[PDB]
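Summary of structural features
Chain by chain, the residues run as shown.
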Amino acid sequence: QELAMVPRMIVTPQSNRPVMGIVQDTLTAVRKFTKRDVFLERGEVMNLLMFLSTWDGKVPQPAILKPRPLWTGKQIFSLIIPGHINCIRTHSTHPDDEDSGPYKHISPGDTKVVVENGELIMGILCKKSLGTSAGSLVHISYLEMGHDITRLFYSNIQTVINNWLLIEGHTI
Amino acid sequence: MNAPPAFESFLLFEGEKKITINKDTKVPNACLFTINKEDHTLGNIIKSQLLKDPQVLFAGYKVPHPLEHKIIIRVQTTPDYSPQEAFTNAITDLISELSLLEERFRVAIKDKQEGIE
Amino acid sequence: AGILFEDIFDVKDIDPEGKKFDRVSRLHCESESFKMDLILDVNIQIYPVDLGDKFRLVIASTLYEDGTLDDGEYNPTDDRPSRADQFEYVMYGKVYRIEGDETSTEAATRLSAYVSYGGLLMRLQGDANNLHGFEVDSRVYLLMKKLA
Amino acid sequence: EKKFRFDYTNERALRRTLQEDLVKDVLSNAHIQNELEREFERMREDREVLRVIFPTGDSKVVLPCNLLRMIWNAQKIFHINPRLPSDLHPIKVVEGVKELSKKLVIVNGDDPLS
Amino acid sequence: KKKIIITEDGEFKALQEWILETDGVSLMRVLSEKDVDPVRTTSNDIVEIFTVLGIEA
């Protein structure tokens, strides 16, 4: 119990990086769930919040109060992120000529993930920011918060994203 | 035999009780109902009715495991209302809706005993 | 009254680079009576907007018009304090950075303030005298309505 | 020498960054100006040692606890506004870093060769 | 395989330089020849370095 339980073996001493990341089906949906234009109604937000195991019990104020209340993908994802962590990554389609000109902190393509004080401010999530690489979001959450909160992080991500994917659907 | 019989999905056992109340202690005026031997057919019909009440702040349901038979419903209302009130007022509004639709249907099938045309 | 900024703007362009997303457009607006400029991501399925439109833009720290800070939680039943209902587009975000053009000796003469509305970004450039009440890690509301 | 120097004879940028209580003390104490002059010397020597440890010229190394992230955290646990003058006396930074460097023992001993 | 030098102003600059690669090893003689760098020349066989250079090598 105190030596080899699976939440105690998230980062490996072989290459000092996590070994468990978000996987085959949840990754594709997490990328689409955090696009700039994903708005949810009231019933769907309630249905999604029903699946959070670490929810305090308050409903956040929508991003668009009028003409009618609509929540955003990043606004719901900001409830899954534990504690108050900080991180800066990039999305896999970041044009390298964006840090040169203006719009360095505006990013027309909605790149340059920024997680400030434990809430997603901007950016799309992908394997560079949620998978098993050094400096990822799961790595930082393990380094700062501990080994018993990253477990809840994984579980909440999976359940919430699956129960939205059966509304959004996916195929080939 | 490592497979459950088919009647376990709807037939109640001896010690079980169909409905159970617990009060949520994290926020005021919240409650958490746990219906037993039930599924999405009844779970979803309730939630849609509670949202139509202008005195309900939260309403949702989940089947915690698709291989067990149990649902959970959470409700939160304004401080001058009771979750147990909002729940039972929802049911009596479904029954008043189904029995009405049955009358309007039985009329429509005998509206063409011989035929309108 | 909790208000921080108010002016009338005029759309100049809609998509200078191309339609990246299918429900959000990136307005480029220029001000009047202040000579400032704007960059605003706005939902377009609900609130359509096109070239040459003029709207009034108000950025307020609270809706209750008496002070009476927001508490940050969503309660649809509280219709009592009679908030700002004279607009057609309301949003709720937070300020995430404030830049400037100052050197080691002098002060900023032309600020630049960024805001994030749950994922929809906004920038507002002008002289340092108007971007006064802004500060990082602060909640603000955005209020818009078209003019005829 | 432009980014790691902390010159103290400008009187106006020093007025821009530090408060008025400390800007009169930094300009009017030879002991402080001397102690602020030796940290740069202890830094140049390490700069010259790094150039022989890493001959190729890269900068990606593996080390204990992150420092930039720990500064970013402390900048938000305390609502640091990076717009106003601060109240952090520099000779406090120097001596605090010294004392911290003393309490990081890997090989605990008092005699030489230890 | 470039030649990285530290210029007078203190910047790392890389330079392209001709290198030679053989097929066959007898290093003790190749090191002893003229206009051949005796410092950076090496071989990919380690028993040879053991006999020629030592144990730490």
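Residues numbered from 1 in each chain as written, not as in the entry; some residues may be left out. Chains lettered and ligands numbered in written order. Part of a larger assembly, values for the part shown. Heavy atoms only, no water.

The deposited coordinates derive from cryo-EM, with the record listing a resolution of 4.1 Å.

By the naming in the PDB entry, chain E goes by DNA-directed RNA polymerase subunit and is assigned to Sus scrofa.

If you look chain A up in the PDB entry, it shows as DNA-directed RNA polymerase subunit from Sus scrofa.

Focus: the layout of surface pockets
Estimated volume of the second largest pocket: approximately 1,300 Å³. Of all the secondary-structure elements, those providing two or more residues to the lining of the second largest pocket are β6 (87–88) and α5 (137–144) of chain A together with α4 (68–77) and α5 (90–102) of chain D. Tallying contributions element by element places α4(D) first for the lining of the second largest pocket, with four residues. Residues that form the lining of the second largest pocket fall into these classes: 18 nonpolar, five polar and three charged. (1 Å grid on protein atoms, 1.4 Å probe; cavity = no way out; pocket = protein on both sides within 12 Å on 5 of 7 lines; lining within 4 Å. Points joined across faces, edges and corners; volume = space filled by probe spheres on them. Helix = DSSP H or I, 4+ residues; strand = E, 2+ residues; numbered from the N terminus. Nonpolar A, V, L, I, M, F, W, Y, C, P; charged D, E, K, R; others polar.)

A short note on the environment of D:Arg16
Looking at the secondary structure, you find D:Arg16 in helix α1 (residues 13–17). The sequence separation of D:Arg16 and D:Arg5 amounts to eleven residues, and the corresponding C-alpha distance is 17 Å. Once residues lying within four places of it in the same chain are set aside, the contact partners of D:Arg16 are C:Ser104, C:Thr105, C:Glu106, C:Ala107, C:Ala108 and D:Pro85. (Contact = heavy atoms within 4.5 Å.)

A closer look at the nonpolar core
In terms of nonpolar packing, the biggest core is built from 41 residues, with A:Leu40, A:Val115 and A:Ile157 touching the most fellow members. Of all the secondary-structure elements, those providing two or more residues to this core are α1 (24–33), α2 (42–49), α3 (73–77), α5 and α6 (150–168) of chain A. A total of seven residues in this core trace back to one element, the largest contributor, which is α6(A). The next biggest cluster of nonpolar side chains, apart from the first, holds 36 residues, and it includes A:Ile64, C:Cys29, C:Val42 and C:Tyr47. (Core = buried A, V, L, I, M, F, W, Y, C linked by side-chain atoms within 4.5 Å. Buried < 20%, exposed > 50% of the residue type's maximum accessible area, 1.4 Å probe, protein only.)

Here's the deal with the interface of chain D and chain C
Interface size is commonly expressed as the accessible area that is lost once the parts come together. Each partner contributes to the interface: chain D provides five residues, whereas chain C provides nine residues. Counting the surface lost from both chain D and chain C, the interface buries some 570 Å², and carbon and sulfur atoms represent 37% of this. The largest per-residue losses of area from chain D upon contact with chain C belong to D:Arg12, D:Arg16 and D:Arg83, which jointly make up 70% of the total buried on that side. Where chain D packs against chain C, one counts two salt bridges. Put simply, D:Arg83 and C:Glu102 hold a salt bridge, and the shortest N to O gap is 3.1 Å. The residue makeup of the side of chain D that touches chain C, split by class, is one nonpolar, no polar and four charged. (Buried area = accessible area lost by both parts, 1.4 Å probe. Salt bridge = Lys/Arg side-chain N within 4 Å of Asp/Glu carboxyl O.)

Topic: the pairing of strand β5 (residues 89–99) of chain C
When a strand is regular, its side chains alternate between the sheet's two faces. Across the eleven residues of β5(C), nine count as buried, placing the element largely inside the fold. One ladder, built from two bridges, connects strand β4 (residues 64–66) of chain A with β5(C); its direction is antiparallel. Bridge pairing in β5(C) links A:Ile64 to C:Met91. Looking at chain direction, β5(C) and strand β8 (residues 139–146) of chain C are connected through six bridges and run antiparallel. Looking at β8(C), one finds that C:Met91 is bridged to C:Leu142. Sheet topology places β5(C) next to strand β6 (residues 110–117) of chain C; five bridges connect them, and they run antiparallel. Residue C:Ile98 lies in a different strand from β6(C), and its bridge partner there is C:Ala113. (Pairing = 2+ DSSP bridges.)

Here we look at the sheet that holds strand β7 (residues 114–115) of chain A
Residue and element names in this part refer to chain A. With antiparallel pairing, three strands are arranged side by side in an open sheet as β6-β7-β8. Strands at the two margins of the open sheet, each flanked by one partner only, are β6 and β8 (120–122). As paired strands, β7 and β8 are joined by two bridges and run antiparallel to one another. From the neighbouring strand, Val115 faces β8, where its bridge partner is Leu120.

A closer look at the pattern of salt bridges
Throughout the structure, instances matching the rule amount to 28 salt bridges over all chains. Across the salt bridge formed by C:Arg80 and C:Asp78, the nearest N and O atoms sit 3.0 Å from each other. One network of salt bridges, with partners in common, ties together A:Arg36, A:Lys74, A:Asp110, C:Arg26 and C:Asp41.

With respect to the sheet that holds strand β1 (residues 21–23) of chain B
All names here are of chain B. Across the sheet, four strands lie side by side as β1-β2-β4-β3; this open sheet has antiparallel pairing. Either end of the sheet is taken by a strand with one partner, and the two such strands are β1 and β3 (56–62). Here the average twist between neighbouring strands, direction ignored, is 15 degrees. For strand β2 (residues 30–33) and strand β4 (residues 72–77), the ladder comprises four bridges, and the chain directions are antiparallel. In the sheet register, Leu32 faces β4, and the bridge partner there is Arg74. In the packing of helix α1 (residues 40–50) onto the sheet, contacts are made with β3 and β4, and the angle to β3 comes to roughly 170 degrees. The sheet strands contacting helix α2 (residues 83–109) are β2, β3 and β4, and the helix crosses β2 at an angle near 50 degrees. (Axes fitted to C-alpha atoms, helices over the stretch in contact; angles between N-to-C directions.)

Notes on the arrangement of the chains
Most contacts, when the six pairs of chains in contact are compared, are made between chains A and C. No part of chain B reaches chain D; the closest C-alpha pair between them is 26 Å apart. At the C-alpha level, the nearest point of chain A lies 23 Å from chain E, with no contact between them.

Here we look at the pairing of strand β7 (residues 120–127) of chain C
Residue and element names in this part refer to chain C. Among the eight residues of β7, six are classified as buried, and the element is accordingly described as predominantly covered. Relative to β7, β6 runs antiparallel, the two being bridged by eight bridges. Counterpart to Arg110 in the pairing with β7 is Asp127. Hairpin connection of β6 to β7: two residues between the antiparallel strands, including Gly118 at a positive phi of 55 degrees.

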